[PDB]
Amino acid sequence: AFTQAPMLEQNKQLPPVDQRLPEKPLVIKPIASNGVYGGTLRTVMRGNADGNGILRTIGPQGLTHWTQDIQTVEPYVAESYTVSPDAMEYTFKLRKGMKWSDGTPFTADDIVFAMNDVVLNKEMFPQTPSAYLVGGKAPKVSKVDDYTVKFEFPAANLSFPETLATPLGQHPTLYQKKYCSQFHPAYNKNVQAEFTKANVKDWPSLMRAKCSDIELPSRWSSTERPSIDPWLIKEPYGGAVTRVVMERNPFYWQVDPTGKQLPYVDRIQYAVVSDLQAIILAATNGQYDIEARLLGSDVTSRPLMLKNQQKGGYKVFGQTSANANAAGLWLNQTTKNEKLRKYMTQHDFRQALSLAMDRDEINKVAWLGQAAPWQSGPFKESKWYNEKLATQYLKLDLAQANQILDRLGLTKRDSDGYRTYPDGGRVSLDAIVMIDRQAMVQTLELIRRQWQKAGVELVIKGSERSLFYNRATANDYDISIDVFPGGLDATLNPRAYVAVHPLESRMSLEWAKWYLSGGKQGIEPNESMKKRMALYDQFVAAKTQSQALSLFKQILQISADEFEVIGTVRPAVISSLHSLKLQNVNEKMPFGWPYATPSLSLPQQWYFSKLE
């Protein structure tokens, strides 16, 4: 018989555990050992809209879920699914008896509401999230019965199960129809009465504030928003809090092999900390049972973490990052600096900037020698490896860089020795970066000095998150600095190779807006990018794995020929930690947002061997 956490035995209002669970709960097979109930997991997030820290701790609860080796997905929220021979129809069978956190039924009505009334509603999302599209076209999503939902695409969509396992593909299970319909004008003609109580002026803002979206802080800022998550918000996230607390969902829909309703751990407490230096200190002091997101990407923290393992009572584990590059230069093909744009669009200008960089020095100084020079291409640990895309223009060659820049007409010099435009002033590139990402900032400081030898001025524009993203969406930057994805799975995140991501394809978000709107908005891309966008749509719609392989390789080939974005180093090891007493953490898991790590490791089966 199923059993429950002692904490839930305390609640006289709850139904018995066999009535709270689905008839067939998902049986979780723990990473290392069957666990024991109890305890509070201590972890950490930042203060300014770092809500993805909660999502990456508890896990997206999607229709499918990655396996630990990230090669495939398995049914997760769905008990099972079928794919039609032509790969156009996916039919998901849901777990009869499954309930939301409020005890009400989780059924096909919720998934159909999430898709048809939220995701595919053009007032809510003027451009539909591409996770659900093939060639810009939406699926027909229908209820078959109370526990069966069908997604019917107009072309083959082989990659849909994988998309459904990423954070961005979790909308189908994010919205309880009962609660959320109160805030939707198709359902509630008195919705305007909700505007004043929520401090909004229109219904999409009301929906975002109350029912939320994947990455909105409002996802974690209330206690009344129902979910199917393993823990539920009890002390909410907000603009100026110092901790967040979540407690177990009494209606969680999973058991372990002995029949225990999960999670094992009763509670998660997030410290909310503004400065990364304070997080380092608290982590080395042993105040966190897990930190696998904030400290690992700046390798300068690794010696400190390793040295303090005994003092803090934790074990460091190294994860392989899925990103192809730790600090990539996303050159803006649509920069509003028109004199600079005329150079940004020249292949040889981009080549020269790469040849003027000293990646061995960047590695030694900013990455402690633990990274390696790399451009933007997939790794040899992937079937998408392209030698040119990974390795072209990596070695410092200032003689050639300076000859190229001369040939491109940048021979007129200012009194400080810098090159100037043929009809303008100093060649000066504004690079936006998140100022808290100190290894990226140090990398930029090294490039700034290196590019002086080419007579090119790099201006570092470091800021907090909101200004960084607002500059990007406003097309207000010459270079944007952030990771290049695609080292391990280029097809999940192809944004460095083709401009399809509305916020992160920063070779031009205006090109991305053109792609996503079918050419109605944004800026029409050049011929090579339009070709890659058409190939991308062919790839998503491929009828067979072999066709998908050829089409996607063509995209990478063209991206290699164009050399639109410039890498510095591929990631060093990502250093994560867990308390010595915290069991069932998969220390072998890769690191990455598409897997929502560390939650890839199934936090609902983490447990404490001993408390303190």
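We number the residues from 1 along the sequence you see. Definition used throughout: the rigid core is the maximal C-alpha set that superposes within 1.5 Å between two forms.
*Asks:* So if we fit everything on the core, which stretch drifts more in 4 other deposited structures of this protein, 340-348 or 362-370, C-alphas only?
*Replies:* Between 340-348 and 362-370, the one lying farther away in 4 other deposited structures of this protein is 340-348.
*Asks:* Between 279-287 and 350-358, which has its CA atoms farther from the current form in 4 other deposited structures of this protein, using a rigid core superposition?
*Replies:* With the rigid core superposed, the C-alphas that lie farther in 4 other deposited structures of this protein are those of 350-358.
*Asks:* Tell me which stretch has the larger mean Cα B-factor in this entry, 533-541 or 187-195.
*Replies:* For C-alpha atoms only, the mean B-factor is higher in 187-195.
*Asks:* Between 502-510 and 205-213, point out the one with the higher average CA B-factor as the PDB entry records it.
*Replies:* Mean B over CA atoms: larger for 205-213.
*Asks:* Among 521, 403, 170, 332, single out the one with the highest C-alpha B factor in the record, please.
*Replies:* Comparing C-alpha B-factors across 521, 403, 170, 332, the maximum falls on 521.
*Asks:* Looking at 86, 289, 457, 423, which has the biggest Cα B factor in the entry?
*Replies:* Among 86, 289, 457, 423, the highest C-alpha B-factor in the entry belongs to 86.
*Asks:* Mind checking which third residue 38 falls in for C-alpha B-factor across the chain?
*Replies:* Middle third, going by the recorded CA B-factors of the chain.
*Asks:* Classify residue 29 as lowest, middle or highest third according to the C-alpha B-factor given in the PDB entry, relative to its own chain.
*Replies:* For residue 29, whose C-alpha B-factor we compare with every modelled residue in the chain, the answer is the middle third.
*Asks:* What third of the chain does residue 15 rank in for C-alpha temperature factor, lowest, middle or highest?
*Replies:* According to the entry, residue 15 has a C-alpha B-factor in the chain's highest third.
*Asks:* Please say which third, lowest, middle or highest, residue 430 falls into when its CA temperature factor is compared across its chain.
*Replies:* Answer is middle: the recorded C-alpha B-factor places it there.
*Asks:* Once the chain's modelled residues are ordered by C-alpha B factor and cut into thirds, is residue 225 in the lowest, middle or highest one?
*Replies:* It falls in the middle third of the chain.
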